[PDB]
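Asker: Based on what follows, work out the 3D shape:
(4 chains, ligands or ions: 1)
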Amino acid sequence: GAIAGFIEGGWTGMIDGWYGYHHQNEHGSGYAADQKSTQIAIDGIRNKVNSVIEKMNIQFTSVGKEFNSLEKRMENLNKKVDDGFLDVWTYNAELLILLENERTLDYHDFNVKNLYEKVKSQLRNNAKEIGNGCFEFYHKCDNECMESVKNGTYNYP
Amino acid sequence: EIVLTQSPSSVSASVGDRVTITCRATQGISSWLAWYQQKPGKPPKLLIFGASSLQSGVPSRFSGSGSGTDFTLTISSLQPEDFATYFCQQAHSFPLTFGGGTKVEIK
Amino acid sequence: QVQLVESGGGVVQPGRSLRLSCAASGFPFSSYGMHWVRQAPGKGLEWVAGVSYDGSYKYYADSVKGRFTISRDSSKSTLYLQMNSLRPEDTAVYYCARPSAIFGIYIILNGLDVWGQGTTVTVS
Amino acid sequence: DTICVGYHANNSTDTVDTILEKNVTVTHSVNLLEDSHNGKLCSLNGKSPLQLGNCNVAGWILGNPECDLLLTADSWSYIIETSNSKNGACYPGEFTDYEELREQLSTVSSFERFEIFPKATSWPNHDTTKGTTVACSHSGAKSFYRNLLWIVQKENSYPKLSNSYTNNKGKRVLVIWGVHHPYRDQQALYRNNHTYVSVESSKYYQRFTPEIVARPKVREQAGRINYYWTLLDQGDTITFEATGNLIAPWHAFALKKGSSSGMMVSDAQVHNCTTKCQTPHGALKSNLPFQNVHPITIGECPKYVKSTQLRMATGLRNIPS
Ligand SMILES: *[C@@H]1O[C@H](CO)[C@@H](O)[C@H](O)[C@H]1NC(C)=O
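Answerer: Numbering: from 1, shown residues only, chains lettered A, B, ... in the order given. Have a look at this structure:
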């Protein structure tokens, strides 16, 4: 979609947020992070990793067991248990992390897309669209016209 | 603004007690809460960021909790150096708001 | 290693101006936004100022809007708190403070990692 | 007059894997796998561990005179055995249910080593000084265990004995004894052509008709003592009686309940720190919910997984240009 798509590059000079804007009013230029979506995204990712950690309910447990020379069956059984849960938690960890990694990357992608479409929702007739995901103003735009759009308050279309 | 309300305003206890503090605001500040330690005449030291994440090097006995509305700072096994005054921080949006202070005296 | 140094706290009369400063050490200063937070002597910490990494977006407290002015220097890696129209309500132990960096981005709006020693501003 | 909408990128190199593609360069990632330990046989929580040194649980519980330091210990968070822990029983013998014993000794730091049949307050006409051997050499000279008491026949006539112990300490009391299987030395040492030991309780229930044999020597010993144990509850009473071969107890161990722990086998040196989790190789932090350090752990520990890395993505596609 957006990430690795038509917005074919990130912004290294943008180091105050994940998602945001470039303005080019003929009054100045630069980068500016959209703080609302970035705060929301960080909340999401944090609740995500934190939930992956916390739902791991742990207690006090030692794994060691001594079985003598005449208890090989129960020794191999205790292995069967330990190795069993080894395999199970290995598997759930691996797949959980694969799944939610993809799901996170699409989370960012869809957030960026919703920001683009969010500004499209406001600049309908006062902007050409440029396939690198960037808007041209069909009117003259000052150093506050660039702000009204950032805070979701753009005037007559 | 957003107004923080720490409770209780002060508390005395011995070493080894289960200490409970609250930080408590108006808006939805999700988990943007930062707990700070303070010794008299000294600058703060970030204890808890993200309202649960333990700061690097801070002992595991410091713990944070709460979400959105109700916030809490819990200390499991208090130690002599932990005698201090504690401040929570709002970080959802400007301006940054702090609390009234929650000091721990000697019992 | 990493720390922030403060200076400029002195005895001053109401109505006049001062300048406090916080020099950074041990971290990429110009990559972070920064904050000035004042501990009103007797009361708790009170956020007063904050600035972005570039210095184009600046955020102030309502009590000091149009009265104080923050700035920063990349060549000197220093934080400037230029106070105008002082009054005893501004009497406070000033702290320079560093908002924390998170997963990949150096956000301005977060908890504060590193503090200065605390330089005291007295207004008689 | 243009305004662009874009996303973040930085000079990052961390790569996370997804279900549809590999080695995806991502602007930030959080690893969920603790893989660093640094040997430090830490004193988890508060209670310093117990190092048995050159001794094992046998030589520590029996009171082998080689194992004298360990007499001090009243507490420990967990027990440590080493690759040199061989000073177990000098006079050799089957510590029956030794694994069960070791498992039971896996709960808290409750010790009270206290005396029940003092060396000379409870045994008339019974030799309480011939406990000695070239097996339990306290640096050469002959000696015997520090928690058991041998009994002889005054060299020609073995009288009868029965001392019962009631529990009054209000916790579970580990009780230790032995049965001596010596006729060349049965008829000489305890004089009887017929002996028996008898341990009775509400929970332990047995006798032993002692054995005669030329068991291959160990530490220049041909006859041997079988070392037995049991647990006594509050108020309940243990009862001993024998016409021969009672290797009588001397003082036993009053345990309790609370925070249970474990036992270990490792060769590191204890230091000063804490932890919620401890391995035979060293401590680690119970904040990341996974390990690949070692399967045997003690405490509030992460899960052991066979994985090598658990890169979890937080940022987005790192696409500089
Ligand atoms: C690139 O990243 C390294 C850390 O890996 C940092 O030291 C360096 O300053 C960064 N340079 C730029 C231009 O980002």
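
Asker: Now do the buried residues in stretch C:82-102.
Answerer: Using 16 or more other C-beta atoms under 10 Å in any protein chain shown as the test for burial, stretch C:82-102 gives C:83, C:86, C:90-102. Where C-beta positions appear, they are placed from N, C-alpha and C, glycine not excepted.

Asker: show me what contacts residue C:45?
Answerer: B:36, B:44, B:87, B:98, C:37, C:38, C:39, C:95 (C-beta atoms under 8 Å, 6 or more residues apart in numbering or on different chains).

Asker: So for it, what's the nearest residue that isn't a sequence neighbour?
Answerer: Using C-beta to C-beta, 6 or more residues apart in numbering or on different chains and skipping residues adjacent in sequence, the residue nearest residue C:45 is residue B:98, 4.3 Å away.

Asker: quick one: secondary structure of residue D:307?
Answerer: Following DSSP: H, G, I helix; E, B strand; the rest coil, the label given to residue D:307 is coil.

Asker: Surely it and residue A:95 touch.
Answerer: No - contact between residue D:307 and residue A:95 fails when scored by C-beta atoms under 8 Å: they sit 11.3 Å apart.

Asker: among the buried residues of stretch C:82-102, which two are most distant?
Answerer: C:86 and C:102 (35.3 Å; C-beta to C-beta).

Asker: And what about the closest residue to residue D:45 other than its chain neighbours, helix, strand or coil?
Answerer: Using C-beta to C-beta, 6+ apart and skipping residues adjacent in sequence, the residue nearest residue D:45 is residue D:77, 5.8 Å away. With three-state DSSP as the basis, residue D:77 sits in coil.

Asker: residues contacting residue D:77?
Answerer: Neighbours of residue D:77 in contact, by C-beta under 8 Å, 6+ apart: D:43, D:44, D:45, D:46, D:47, D:48, D:49, D:109, D:261.

Asker: just the buried members of those residues?
Answerer: The buried subset of the contacts of residue D:77 - by 16+ other C-beta under 10 Å - is D:43, D:44, D:45, D:48, D:49, D:109, D:261.

Asker: any chance of the residues you listed in CSV, plus secondary structure?
Answerer: Shown next, in CSV, are the buried ones among the contacts of residue D:77 (three-state DSSP):
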residue, secondary structure
D:43, coil
D:44, coil
D:45, coil
D:48, coil
D:49, coil
D:109, coil
D:261, coil
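
Asker: Counting neighbours around each, name which of residue D:307 and residue A:95 comes out higher.
Answerer: More crowded of residue D:307 and residue A:95, by other C-beta atoms under 10 Å in any protein chain shown: residue D:307, with 18 against 11.

Asker: Please report how far that one lies from residue D:33.
Answerer: Residue D:307 sits at a distance of 6 Å from residue D:33 (criterion: C-beta to C-beta, to the nearest Å).

Asker: And residue A:64, by the same measure?
Answerer: 23 Å.

Asker: Tell me which of the two has more neighbours.
Answerer: For residue A:64 versus residue D:33, neighbours defined as other C-beta under 10 Å are more numerous around residue D:33 (20 against 17).

Asker: I'd say the more buried one and residue D:289 touch.
Answerer: No - in terms of C-beta under 8 Å, residue D:33 does not count as a neighbour of residue D:289; the distance is 9.1 Å.

Asker: Pull stretch B:90-103 out as PDB, backbone CA atoms only.
Answerer: In PDB, the C-alpha atoms belonging to stretch B:90-103 read as follows (Å, rounded to 0.1, in the frame of the first residue of the first chain):
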ATOM      1  CA  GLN B  90       1.600  13.500  32.300                       C
ATOM      2  CA  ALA B  91       3.000  13.200  28.800                       C
ATOM      3  CA  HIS B  92      -0.100  12.800  26.500                       C
ATOM      4  CA  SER B  93       0.000  16.400  25.300                       C
ATOM      5  CA  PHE B  94       1.300  19.800  26.200                       C
ATOM      6  CA  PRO B  95       1.600  21.300  28.700                       C
ATOM      7  CA  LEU B  96       3.400  18.700  30.800                       C
ATOM      8  CA  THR B  97       1.700  18.300  34.200                       C
ATOM      9  CA  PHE B  98       3.200  17.100  37.500                       C
ATOM     10  CA  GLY B  99       1.800  16.000  40.800                       C
ATOM     11  CA  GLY B 100       1.800  17.500  44.300                       C
ATOM     12  CA  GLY B 101       4.500  15.200  45.600                       C
ATOM     13  CA  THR B 102       4.300  11.900  47.600                       C
ATOM     14  CA  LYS B 103       7.000  11.700  50.300                       C
END
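
Asker: for chain C, what are the nearby residues on chain A?
Answerer: Residues of chain A lying near chain C by C-beta under 8 Å from any C-beta of the partner chain: A:15-18, A:28, A:30, A:32-33, A:35, A:38-39, A:42, A:45.
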